[PDB]
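What follows is final07.csv (CSV, C-alpha atoms).
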chain,number,residue,atom,x,y,z
A,1,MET,CA,13.2,-2.3,-1.8
A,2,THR,CA,16.7,-3.0,-3.0
A,3,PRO,CA,17.8,-3.5,-6.6
A,4,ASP,CA,17.5,-7.2,-5.8
A,5,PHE,CA,13.7,-7.0,-5.1
A,6,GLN,CA,11.6,-9.3,-7.3
A,7,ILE,CA,7.9,-10.1,-7.6
A,8,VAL,CA,7.7,-13.8,-8.7
A,9,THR,CA,4.5,-15.5,-9.9
A,10,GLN,CA,3.9,-19.0,-11.2
A,11,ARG,CA,5.4,-18.3,-14.6
A,12,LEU,CA,7.1,-14.9,-14.4
A,13,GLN,CA,9.8,-13.0,-12.6
A,14,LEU,CA,9.4,-9.2,-12.3
A,15,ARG,CA,12.7,-7.4,-11.6
A,16,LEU,CA,15.1,-4.7,-12.7
A,17,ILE,CA,16.5,-5.2,-16.1
A,18,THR,CA,20.3,-5.2,-15.8
A,19,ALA,CA,23.0,-3.5,-18.0
A,20,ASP,CA,24.0,-6.8,-19.3
A,21,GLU,CA,20.5,-7.4,-20.8
A,22,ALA,CA,20.4,-4.6,-23.4
A,23,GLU,CA,20.4,-7.2,-26.2
A,24,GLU,CA,17.4,-8.9,-24.6
A,25,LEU,CA,15.5,-5.5,-24.5
A,26,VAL,CA,16.4,-4.8,-28.1
A,27,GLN,CA,15.1,-8.3,-29.1
A,28,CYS,CA,11.9,-7.7,-27.3
A,29,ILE,CA,11.2,-4.5,-29.3
A,30,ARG,CA,12.6,-5.8,-32.6
A,31,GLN,CA,10.3,-8.8,-32.5
A,32,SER,CA,7.1,-6.8,-31.9
A,33,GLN,CA,5.0,-5.6,-34.9
A,34,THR,CA,3.6,-2.8,-32.8
A,35,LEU,CA,5.6,-2.0,-29.6
A,36,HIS,CA,7.9,0.5,-31.4
A,37,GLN,CA,5.0,3.0,-31.8
A,38,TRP,CA,4.0,3.1,-28.2
A,39,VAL,CA,7.2,2.9,-26.2
A,40,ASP,CA,8.9,6.4,-26.1
A,41,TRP,CA,12.6,5.7,-26.5
A,46,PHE,CA,16.5,1.6,-31.9
A,47,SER,CA,20.1,1.0,-30.8
A,48,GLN,CA,21.5,-1.4,-28.1
A,49,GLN,CA,23.1,1.9,-26.8
A,50,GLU,CA,19.6,3.3,-26.6
A,51,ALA,CA,18.6,0.1,-24.8
A,52,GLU,CA,21.5,0.5,-22.4
A,53,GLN,CA,20.6,4.2,-21.7
A,54,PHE,CA,17.0,3.3,-20.9
A,55,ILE,CA,18.1,0.5,-18.6
A,56,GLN,CA,20.5,2.8,-16.7
A,57,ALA,CA,17.6,5.4,-16.3
A,58,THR,CA,15.2,2.9,-15.0
A,59,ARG,CA,17.6,1.7,-12.4
A,60,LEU,CA,18.2,5.2,-11.2
A,61,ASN,CA,14.5,5.7,-10.6
A,62,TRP,CA,14.2,2.4,-8.7
A,63,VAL,CA,17.1,3.2,-6.3
A,64,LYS,CA,15.8,6.7,-5.8
A,65,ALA,CA,12.3,5.1,-5.0
A,66,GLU,CA,10.6,7.4,-7.6
A,67,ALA,CA,9.4,4.7,-10.0
A,68,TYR,CA,9.7,0.9,-10.3
A,69,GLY,CA,10.0,-0.3,-13.9
A,70,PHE,CA,10.0,-4.1,-13.8
A,71,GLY,CA,11.2,-6.2,-16.7
A,72,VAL,CA,8.9,-9.2,-17.0
A,73,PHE,CA,10.9,-12.4,-17.5
A,74,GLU,CA,9.6,-15.9,-18.3
A,75,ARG,CA,10.9,-17.9,-15.4
A,76,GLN,CA,11.8,-21.0,-17.4
A,77,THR,CA,13.5,-19.4,-20.4
A,78,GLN,CA,14.5,-16.1,-18.8
A,79,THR,CA,13.2,-14.3,-21.9
A,80,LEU,CA,12.0,-10.8,-21.5
A,81,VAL,CA,8.3,-10.5,-22.5
A,82,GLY,CA,7.6,-6.9,-21.5
A,83,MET,CA,7.5,-4.5,-18.6
A,84,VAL,CA,5.1,-3.4,-15.9
A,85,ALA,CA,5.8,-0.2,-14.0
A,86,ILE,CA,4.8,2.1,-11.2
A,87,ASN,CA,5.4,5.3,-13.0
A,88,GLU,CA,4.6,7.8,-10.3
A,89,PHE,CA,3.5,7.8,-6.6
A,90,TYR,CA,1.0,10.4,-5.6
A,91,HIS,CA,1.5,10.2,-1.9
A,92,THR,CA,-1.0,13.0,-1.1
A,93,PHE,CA,-3.8,10.8,-2.4
A,94,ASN,CA,-2.4,7.3,-1.4
A,95,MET,CA,-2.5,6.6,-5.1
A,96,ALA,CA,-0.1,5.6,-7.9
A,97,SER,CA,0.3,5.6,-11.8
A,98,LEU,CA,0.9,2.3,-13.6
A,99,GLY,CA,2.1,1.6,-17.0
A,100,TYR,CA,3.0,-1.5,-19.0
A,101,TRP,CA,3.8,-3.0,-22.4
A,102,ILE,CA,3.7,-6.6,-23.3
A,103,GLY,CA,4.7,-8.3,-26.5
A,104,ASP,CA,1.9,-9.4,-28.7
A,105,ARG,CA,2.8,-13.2,-28.5
A,106,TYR,CA,2.9,-13.2,-24.7
A,107,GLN,CA,-0.4,-11.5,-24.2
A,108,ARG,CA,-1.9,-14.6,-25.9
A,109,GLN,CA,-0.4,-16.7,-23.1
A,110,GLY,CA,-2.0,-14.5,-20.3
A,111,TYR,CA,1.5,-13.1,-19.3
A,112,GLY,CA,0.2,-9.5,-19.4
A,113,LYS,CA,-2.6,-10.3,-16.9
A,114,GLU,CA,-0.3,-12.4,-14.7
A,115,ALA,CA,2.4,-9.6,-14.6
A,116,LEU,CA,0.1,-6.6,-14.2
A,117,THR,CA,-2.1,-8.4,-11.6
A,118,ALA,CA,1.2,-9.2,-9.6
A,119,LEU,CA,2.0,-5.5,-9.6
A,120,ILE,CA,-1.5,-4.4,-8.7
A,121,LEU,CA,-1.5,-6.8,-5.7
A,122,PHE,CA,1.9,-5.6,-4.6
A,123,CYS,CA,0.5,-2.0,-4.6
A,124,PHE,CA,-2.7,-2.8,-2.7
A,125,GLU,CA,-1.4,-5.5,-0.3
A,126,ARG,CA,2.1,-4.5,0.4
A,127,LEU,CA,2.2,-0.7,-0.3
A,128,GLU,CA,-1.4,-0.3,1.0
A,129,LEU,CA,-2.3,2.2,-1.8
A,130,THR,CA,-6.1,2.7,-2.1
A,131,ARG,CA,-6.3,3.7,-5.8
A,132,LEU,CA,-4.2,3.1,-9.0
A,133,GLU,CA,-4.6,4.9,-12.3
A,134,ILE,CA,-3.6,3.4,-15.8
A,135,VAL,CA,-3.5,5.9,-18.7
A,136,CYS,CA,-3.8,4.3,-22.2
A,137,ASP,CA,-3.2,5.9,-25.6
A,138,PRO,CA,-6.8,6.0,-27.1
A,139,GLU,CA,-5.3,4.3,-30.2
A,140,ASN,CA,-3.8,1.4,-28.4
A,141,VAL,CA,-6.8,-1.0,-28.0
A,142,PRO,CA,-4.8,-4.1,-26.8
A,143,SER,CA,-3.5,-2.0,-23.8
A,144,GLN,CA,-7.0,-0.9,-22.9
A,145,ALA,CA,-8.3,-4.5,-23.2
A,146,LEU,CA,-5.5,-5.7,-20.8
A,147,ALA,CA,-6.5,-2.9,-18.3
A,148,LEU,CA,-10.1,-4.2,-18.4
A,149,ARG,CA,-8.9,-7.8,-18.2
A,150,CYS,CA,-7.2,-7.0,-14.9
A,151,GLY,CA,-10.4,-5.5,-13.5
A,152,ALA,CA,-9.8,-1.8,-14.2
A,153,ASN,CA,-12.7,0.5,-14.7
A,154,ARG,CA,-12.7,3.1,-17.5
A,155,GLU,CA,-13.1,6.6,-16.5
A,156,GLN,CA,-12.3,9.6,-18.6
A,157,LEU,CA,-10.8,10.5,-21.9
A,158,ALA,CA,-8.5,13.2,-20.5
A,159,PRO,CA,-6.7,15.9,-22.6
A,160,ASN,CA,-3.0,16.3,-22.1
A,161,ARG,CA,-2.9,13.4,-19.7
A,162,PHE,CA,0.5,11.8,-20.6
A,163,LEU,CA,3.7,12.6,-22.4
A,164,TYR,CA,5.0,11.0,-25.7
A,165,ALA,CA,8.3,12.3,-27.0
A,166,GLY,CA,8.1,15.2,-24.5
A,167,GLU,CA,4.7,16.4,-25.9
A,168,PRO,CA,1.2,15.9,-24.3
A,169,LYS,CA,-1.6,13.7,-25.6
A,170,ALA,CA,-5.2,12.8,-24.6
A,171,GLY,CA,-5.2,9.5,-22.6
A,172,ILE,CA,-7.9,7.2,-21.3
A,173,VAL,CA,-7.8,6.9,-17.6
A,174,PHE,CA,-8.7,3.6,-16.0
A,175,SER,CA,-8.8,3.0,-12.2
A,176,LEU,CA,-8.4,0.2,-9.8
A,177,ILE,CA,-9.5,0.2,-6.1
A,178,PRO,CA,-9.0,-2.5,-3.6
B,1,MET,CA,11.7,29.0,-4.9
B,2,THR,CA,12.8,30.2,-1.5
B,3,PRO,CA,10.6,30.6,1.6
B,4,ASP,CA,10.4,34.3,0.6
B,5,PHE,CA,8.8,33.6,-2.8
B,6,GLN,CA,5.4,35.3,-3.3
B,7,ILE,CA,2.8,35.5,-6.0
B,8,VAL,CA,1.3,39.0,-5.8
B,9,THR,CA,-1.8,40.1,-7.6
B,10,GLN,CA,-3.8,43.4,-7.6
B,11,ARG,CA,-5.4,42.7,-4.3
B,12,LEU,CA,-3.7,39.6,-2.8
B,13,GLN,CA,-0.4,38.2,-1.6
B,14,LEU,CA,0.2,34.5,-1.9
B,15,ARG,CA,3.0,33.3,0.4
B,16,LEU,CA,4.0,30.9,3.2
B,17,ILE,CA,2.0,31.4,6.3
B,18,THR,CA,4.6,31.9,9.1
B,19,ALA,CA,4.8,30.5,12.7
B,20,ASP,CA,3.8,33.8,14.1
B,21,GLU,CA,0.5,33.7,12.1
B,22,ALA,CA,-1.2,30.8,13.9
B,23,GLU,CA,-3.7,33.2,15.5
B,24,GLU,CA,-4.6,34.5,12.0
B,25,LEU,CA,-5.1,30.9,10.7
B,26,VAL,CA,-7.3,30.1,13.7
B,27,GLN,CA,-9.5,33.2,13.0
B,28,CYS,CA,-9.8,32.2,9.4
B,29,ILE,CA,-11.4,28.8,10.3
B,30,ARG,CA,-13.3,30.1,13.4
B,31,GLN,CA,-15.0,32.7,11.3
B,32,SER,CA,-16.2,30.3,8.6
B,33,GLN,CA,-19.6,28.6,8.9
B,34,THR,CA,-18.4,25.7,6.7
B,35,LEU,CA,-14.6,25.5,6.3
B,36,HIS,CA,-14.2,23.2,9.4
B,37,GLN,CA,-15.9,20.4,7.6
B,38,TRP,CA,-13.7,20.4,4.5
B,39,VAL,CA,-10.2,21.2,5.9
B,40,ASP,CA,-8.6,18.0,7.4
B,41,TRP,CA,-6.7,19.3,10.5
B,46,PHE,CA,-9.3,23.5,16.6
B,47,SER,CA,-6.3,24.7,18.6
B,48,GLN,CA,-3.8,27.4,17.9
B,49,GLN,CA,-1.3,24.6,18.6
B,50,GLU,CA,-3.0,22.6,15.8
B,51,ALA,CA,-2.6,25.8,13.7
B,52,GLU,CA,1.1,26.0,14.5
B,53,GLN,CA,1.6,22.3,13.7
B,54,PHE,CA,-0.1,22.7,10.3
B,55,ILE,CA,1.9,25.8,9.5
B,56,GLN,CA,5.2,24.0,10.4
B,57,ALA,CA,4.2,21.0,8.1
B,58,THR,CA,3.4,23.2,5.2
B,59,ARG,CA,6.7,25.0,5.4
B,60,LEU,CA,8.6,21.7,5.4
B,61,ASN,CA,6.8,20.7,2.1
B,62,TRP,CA,7.7,24.0,0.5
B,63,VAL,CA,11.4,23.9,1.4
B,64,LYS,CA,11.5,20.2,0.3
B,65,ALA,CA,9.8,21.4,-3.0
B,66,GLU,CA,7.1,18.7,-2.6
B,67,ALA,CA,4.1,21.0,-2.2
B,68,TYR,CA,3.5,24.7,-2.1
B,69,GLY,CA,0.7,25.7,0.2
B,70,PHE,CA,0.2,29.4,-0.1
B,71,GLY,CA,-1.7,31.5,2.4
B,72,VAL,CA,-3.8,34.0,0.6
B,73,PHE,CA,-3.5,37.5,2.3
B,74,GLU,CA,-5.4,40.6,1.4
B,75,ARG,CA,-2.7,43.1,0.5
B,76,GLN,CA,-4.1,46.1,2.3
B,77,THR,CA,-5.2,44.6,5.6
B,78,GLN,CA,-2.9,41.5,5.6
B,79,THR,CA,-5.8,39.4,6.6
B,80,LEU,CA,-5.7,35.7,5.7
B,81,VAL,CA,-8.6,34.8,3.4
B,82,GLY,CA,-7.8,31.3,2.5
B,83,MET,CA,-5.2,29.1,0.9
B,84,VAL,CA,-4.4,27.8,-2.6
B,85,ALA,CA,-1.9,25.0,-3.0
B,86,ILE,CA,0.0,22.8,-5.4
B,87,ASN,CA,-0.6,19.6,-3.5
B,88,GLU,CA,1.5,17.1,-5.7
B,89,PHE,CA,3.6,17.3,-8.7
B,90,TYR,CA,3.3,14.4,-11.2
B,91,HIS,CA,6.5,14.9,-13.1
B,92,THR,CA,6.1,11.9,-15.3
B,93,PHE,CA,3.1,13.5,-16.9
B,94,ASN,CA,4.1,17.2,-16.6
B,95,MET,CA,1.0,17.7,-14.5
B,96,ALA,CA,0.2,18.8,-10.9
B,97,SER,CA,-2.7,18.5,-8.3
B,98,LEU,CA,-4.2,21.7,-6.9
B,99,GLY,CA,-6.3,22.4,-3.9
B,100,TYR,CA,-7.7,25.4,-2.2
B,101,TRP,CA,-10.2,26.7,0.4
B,102,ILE,CA,-11.5,30.3,0.6
B,103,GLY,CA,-13.6,31.8,3.3
B,104,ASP,CA,-17.3,32.4,2.3
B,105,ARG,CA,-17.1,36.2,2.7
B,106,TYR,CA,-14.0,36.5,0.4
B,107,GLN,CA,-15.4,34.4,-2.5
B,108,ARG,CA,-18.1,37.0,-2.7
B,109,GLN,CA,-15.3,39.6,-3.5
B,110,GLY,CA,-13.7,37.4,-6.3
B,111,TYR,CA,-10.7,36.6,-4.1
B,112,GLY,CA,-11.0,32.9,-4.8
B,113,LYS,CA,-10.9,33.4,-8.6
B,114,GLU,CA,-8.0,35.9,-8.2
B,115,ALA,CA,-5.9,33.7,-6.0
B,116,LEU,CA,-6.6,30.4,-7.8
B,117,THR,CA,-6.0,32.0,-11.3
B,118,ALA,CA,-2.7,33.4,-10.0
B,119,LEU,CA,-1.6,29.9,-9.1
B,120,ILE,CA,-2.8,28.4,-12.3
B,121,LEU,CA,-0.9,31.0,-14.4
B,122,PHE,CA,2.2,30.3,-12.3
B,123,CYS,CA,1.9,26.6,-13.0
B,124,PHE,CA,1.4,27.1,-16.8
B,125,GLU,CA,3.6,30.1,-17.5
B,126,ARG,CA,6.5,29.7,-15.1
B,127,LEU,CA,6.5,25.9,-14.3
B,128,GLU,CA,5.5,25.0,-17.9
B,129,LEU,CA,3.1,22.3,-16.7
B,130,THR,CA,0.6,21.1,-19.4
B,131,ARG,CA,-2.2,19.9,-17.2
B,132,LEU,CA,-3.6,20.6,-13.7
B,133,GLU,CA,-6.1,18.5,-11.8
B,134,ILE,CA,-8.5,19.8,-9.0
B,135,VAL,CA,-10.3,17.2,-6.9
B,136,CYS,CA,-13.5,18.4,-5.1
B,137,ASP,CA,-15.5,16.7,-2.5
B,138,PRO,CA,-18.8,16.0,-4.3
B,139,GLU,CA,-20.7,17.6,-1.4
B,140,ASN,CA,-18.8,20.9,-1.5
B,141,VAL,CA,-20.6,22.7,-4.3
B,142,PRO,CA,-18.9,26.2,-3.8
B,143,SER,CA,-15.5,24.5,-4.4
B,144,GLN,CA,-16.8,23.0,-7.6
B,145,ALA,CA,-18.3,26.4,-8.7
B,146,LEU,CA,-14.9,28.1,-8.1
B,147,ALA,CA,-13.1,25.5,-10.2
B,148,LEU,CA,-15.6,26.1,-13.0
B,149,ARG,CA,-15.3,29.9,-12.5
B,150,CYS,CA,-11.5,29.6,-13.1
B,151,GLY,CA,-12.1,27.7,-16.4
B,152,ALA,CA,-11.7,24.1,-15.3
B,153,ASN,CA,-13.5,21.3,-17.0
B,154,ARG,CA,-15.3,18.7,-15.1
B,155,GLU,CA,-14.3,15.1,-15.8
B,156,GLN,CA,-14.9,12.2,-13.6
B,157,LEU,CA,-16.5,11.3,-10.3
B,158,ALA,CA,-13.6,9.1,-9.2
B,159,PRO,CA,-13.8,6.5,-6.4
B,160,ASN,CA,-11.0,6.7,-3.7
B,161,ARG,CA,-9.7,9.8,-5.3
B,162,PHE,CA,-8.5,11.8,-2.2
B,163,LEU,CA,-7.9,11.4,1.5
B,164,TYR,CA,-9.9,12.9,4.4
B,165,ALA,CA,-8.7,12.1,7.9
B,166,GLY,CA,-6.5,9.3,6.5
B,167,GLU,CA,-9.5,7.6,4.7
B,168,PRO,CA,-10.3,7.6,1.0
B,169,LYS,CA,-13.4,9.2,-0.6
B,170,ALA,CA,-14.9,9.6,-4.1
B,171,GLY,CA,-13.9,13.0,-5.6
B,172,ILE,CA,-14.8,15.0,-8.7
B,173,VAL,CA,-11.9,15.6,-10.9
B,174,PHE,CA,-11.6,18.9,-12.8
B,175,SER,CA,-8.9,19.7,-15.3
B,176,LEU,CA,-7.2,22.7,-16.7
B,177,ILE,CA,-4.9,22.8,-19.8
B,178,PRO,CA,-3.1,25.8,-21.2
Spit out the file's structure as structure tokens when you get a sec.
Amino acid sequence: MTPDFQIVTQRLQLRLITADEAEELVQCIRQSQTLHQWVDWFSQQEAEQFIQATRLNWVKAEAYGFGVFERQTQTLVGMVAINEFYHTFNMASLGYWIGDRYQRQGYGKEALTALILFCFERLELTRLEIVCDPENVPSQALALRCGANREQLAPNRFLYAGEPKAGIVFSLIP
Amino acid sequence: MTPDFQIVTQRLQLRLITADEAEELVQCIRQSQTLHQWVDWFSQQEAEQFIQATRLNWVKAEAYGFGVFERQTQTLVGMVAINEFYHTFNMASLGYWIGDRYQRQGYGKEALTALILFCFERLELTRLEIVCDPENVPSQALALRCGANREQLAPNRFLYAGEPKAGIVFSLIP
């Protein structure tokens, strides 16, 4: 891991979003009918702040929030992240959000599968959890498309706007 | 938090086990018909090594493994622990093991409830998970006795001897 570390697939480049890409992150949200209701943090200065925070977590090795960029055009299509490592259990927490138009092209499955393979092959983790908002069906459908298994509807399972909400837990094992 | 931090209840003192208490930890395992099969790590030197490791985690603020001591006699009756914090979700992972004879006296409920209250009142966590070995029924019964709710049987949910095993997840919310 360095800030230069990328996961690259046939069509996509997974990497840190840079400070100079705040405009690109703003476009990604502004263009989506629905993302605004699921992503926590809409100003370019808010975009800048989010980018700076994500970098800090990456360099501190606490979380790896990858922007997902289309390799040909360099447009930002979404994000996939390792949100939290749980080293005691050789496990981690994943999150993601992909723009509506890019899911249609299979970018969500390509990006999230890249991250899952990195976790299992490279990091040698033996379990991953995805937590979906019960009201966000496309996010659930993507988890299932990547081979996740639904487990529980769990109370207080994740934070939105600093408050806790019931989330659906999906798992992946190698 | 300092190494001197204790949680004290009517009958029990929850605190770091010290290097000088290796003998006491050995007694606690040696006297139990069943603990040996559930606790991971039986030499006094092995006891010493485990004690040193637990201290490191406490001072690093990564985990808090409390020995549970009977206040009058100072005998070690078991342990309750915060195994992992999951700050992204304002949540933590708990574990525990209590000697057979001391469960009968309600020490397990008193110690584990003390830890749960510390997590909710003091740390302001909004969810705790307990993972039990499916074959360890007394540990499940104790989780339920402390007001936990059973959720999933989850594959690869915890490590024993560096290998993953299916565990039952219980939750507590405030």
Contact residues (chain B, partner chain A, 6 Å, only C-alpha atoms) as a ChimeraX atom specification: /B:93,160,162-163
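Atom pair atom CA of residue A:151 / atom CA of residue A:119: separated by 13.0 Å.
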Between atom CA of residue A:116 and atom CA of residue A:64, measure the distance and give it in Å to one decimal. 22.2 Å
Sphere at (8.4, -4.4, -17.7), radius 12 Å, counting only C-alpha atoms: residues as a VMD selection string: chain A and resid 6 to 7 12 to 17 25 28 to 29 39 54 to 55 58 67 to 74 79 to 87 98 to 103 111 to 112 115 to 116 118 to 119
Atom CA of residue B:125 and atom CA of residue B:61 are how many Å apart?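 Straight-line distance from atom CA of residue B:125 to atom CA of residue B:61 works out to 22.0 Å.
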